[PDB]
Amino acid sequence: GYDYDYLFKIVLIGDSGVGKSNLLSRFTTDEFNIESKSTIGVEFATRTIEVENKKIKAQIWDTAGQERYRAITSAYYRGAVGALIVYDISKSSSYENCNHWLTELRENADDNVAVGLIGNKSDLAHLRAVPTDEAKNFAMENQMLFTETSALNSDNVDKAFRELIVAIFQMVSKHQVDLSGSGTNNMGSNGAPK
Amino acid sequence: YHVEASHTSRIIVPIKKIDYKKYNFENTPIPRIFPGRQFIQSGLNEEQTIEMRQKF
């Protein structure tokens, strides 16, 4: 059937050409349909993990930036609870508006979100557009999870994304107790009197 | 020499040249006092890097 317990939606946001989709498609198992990016805009792949004996579906929505979808993508951040700003260390002008994406995503996403920040394409280690310690600091006074996100031969994502679903899980994993259902008696022949 | 309170005195120091086939002046440029650091892109043209190396 379906049988999962919670379902989160997590946007991937950034400038165009920073390498979000190739980061996605290694990492999620698949989405069963290649489909296309730019017909409705934003595409989406699923990922199922389990936390704390609860089973979680997480739906990653990565967003394109072709300047046509102006009102459309801002409608797509409505209700968005998990977030990931991706930037590349090779090029440098994406970091000038990573803060622009951050203040657009603090706007109209939820009451509270948990935004990660990820540096794609660490494979070309000899081309650092921005120092990692500055982005690490900018994550530190913005309450953001920071990962190297090196491209190829990496798991940085397979521990950081699980940690993102943990932090967003106890943001909404409120409370429950038990569903045991073992209390049985009263098998008589009913000498009733009304 | 003697310089009193404002009087400049241009010292004329004679030296020789240097030989371009004796020193290489295209070696690792502007060496850092301490090794390591961020290792950010230079952000300058290779030709500019040549004249900055010579002028240092």
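Here Swiss-Prot sets the residue numbers for chain A, with the shown residues being 7-200 in order.
Looks like electron microscopy, 4.3 Å, at least that's what the header says.
Even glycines carry a Cβ here, placed using N, Cα and C.
Taken from Swiss-Prot, the feature GTP binding site applies to A:20-27, A:68-72, A:126-129. If you take the C-beta of A:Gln72 (GTP binding site) and look for same-chain residues 6 or more apart in sequence within under 8 angstroms, you find A:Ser22, A:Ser44, A:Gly47. A:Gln72 (GTP binding site) falls outside any helix or strand according to DSSP and counts as coil.
Across the compositional bias 'Low complexity' (A:186-197), DSSP classifies residues as 0 helix, 0 strand, 12 coil. The feature compositional bias 'Low complexity' is assigned by Swiss-Prot to A:186-197.
The feature motif 'Effector region' is assigned by Swiss-Prot to A:42-50, with a curator's inference given as support. Residues of the same chain lying 6 or more positions beyond the ends of the motif 'Effector region' (A:42-50) and with a Cβ under 8 Å from any Cβ of it are 27, 65-70, 72, 75, 78-79, 82.
Looking only at the binding-site residues A:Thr69, A:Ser128, the densest Cβ neighbourhood within 10 Å occurs at A:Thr69. In terms of DSSP helix, strand and coil, the motif 'Effector region' (A:42-50) has 0 helix, 2 strand, 7 coil. Taking a C-beta cut-off of under 8 Å and a sequence gap of six or more, A:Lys26 (GTP binding site) has these contacts in its own chain: A:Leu18, A:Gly20, A:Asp68, A:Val92, A:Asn126.
Remark: A:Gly23 (GTP binding site) has A:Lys97 as non-local neighbours, by Cβ distance under 8 Å and separation of at least 6 in sequence.
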